[PDB]
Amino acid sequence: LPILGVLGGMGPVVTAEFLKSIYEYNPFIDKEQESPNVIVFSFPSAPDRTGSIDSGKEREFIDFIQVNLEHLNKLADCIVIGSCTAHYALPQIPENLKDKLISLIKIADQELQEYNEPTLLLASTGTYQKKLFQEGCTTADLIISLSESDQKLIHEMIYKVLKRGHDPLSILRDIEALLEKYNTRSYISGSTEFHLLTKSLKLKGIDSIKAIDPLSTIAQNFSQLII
C-alpha cells in the first residue's frame, strides 16, 4: 500500500490540520483499512525558514531538510514538505533524495494553469525574496505579486494569527480588501498556513474566493497522486 511522508512542523498547527484534511477528503466507504497511510514528521524545532535567510544560517536549515528527507525516503513512497518557503533548500539537496518529492510549487502551478485567471500570491517575505513561485511556475504571468508593504502585512498574519492557532476567519476582511485592491477573486497559498484560511472558507460556504491551495489539492487527490 502507498505511503505519504510529510516533512512538517513548519507550521505545526497547519501540519496537524493537513493530516485532518487527508481523512476528511478521503472518507472510507465500509472500513478504515481503505483510508490513506501517512507518516508525519512534525518537527517545529526546524529553524525558522525566513529567519535562516534573514540571518546567514541557510546551511543549518538545508541540513535539517536533507537529513529528514533521507529518513522519509526509506519509509514513504511519496513525500511532501509542509512549507512553501522551505522549498528554497531543494537546489542544494541531491537529486536522488528528491525523486519522491511532490512540490507544492508545481502543484500550485498546475492548478493555476487550469484556472487561468490572474491570482494573488500570498506568502512569506522569504518566499518572496527567494522568488520560488515566479521562478518555479510556468503560469508566472498569471501571478500577481504583493507590493513590499503588503508582503510585510501578510507575514504578520502568518506569524501573529495563523501560526498561533487563532481563528483564520479573523483575517478574512483583511484578505478581501487585498483581493479587491489587487483586482482579483483568487489567491495562491504561497504560505502553507493559508491552508487554514482555505478550510475555514470551505466550512462557512464562501465560494466568492477561489483558493489555489496545494495542501487541499494533495488531500483531495491523494489516491491519484500517491503511488
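Sequential numbering from 1, following the sequence displayed.
K.L.:
Comparing average C-alpha B factors as deposited, tell me which of 175-183 and 49-57 sits higher.
P.N.:
Averaged over C-alpha atoms, the B-factors run higher in 49-57.
K.L.:
When the Cα temperature factors in the entry are averaged, is it 125-133 or 90-98 that ends up higher?
P.N.:
The deposited B-factors put 90-98 ahead on the C-alpha mean.
K.L.:
Going by the entry, which of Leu196, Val40, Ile188, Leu69 has the most elevated CA B factor?
P.N.:
The record points to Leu69.
K.L.:
Compare the CA B factors listed in the entry for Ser208, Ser21, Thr15, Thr217 and report the winner.
P.N.:
In this record, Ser208 carries the highest C-alpha B-factor of the candidates.
K.L.:
Considering only modelled residues of the same chain, in which third does the CA B-factor of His155 rank: lowest, middle or highest?
P.N.:
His155: CA B-factor falls in the middle third of its chain.
K.L.:
Relative to the other modelled residues in the chain, which third contains the C-alpha temperature factor of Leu75: lowest, middle or highest?
P.N.:
CA B-factor rank for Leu75: highest third.
K.L.:
Among the modelled residues of this chain, does the Cα B factor of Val6 put it in the lowest, middle or highest third?
P.N.:
Lowest third.
K.L.:
C-alpha B factor of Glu114, ranked within the chain: lowest, middle or highest third?
P.N.:
For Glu114, whose C-alpha B-factor we compare with every modelled residue in the chain, the answer is the highest third.
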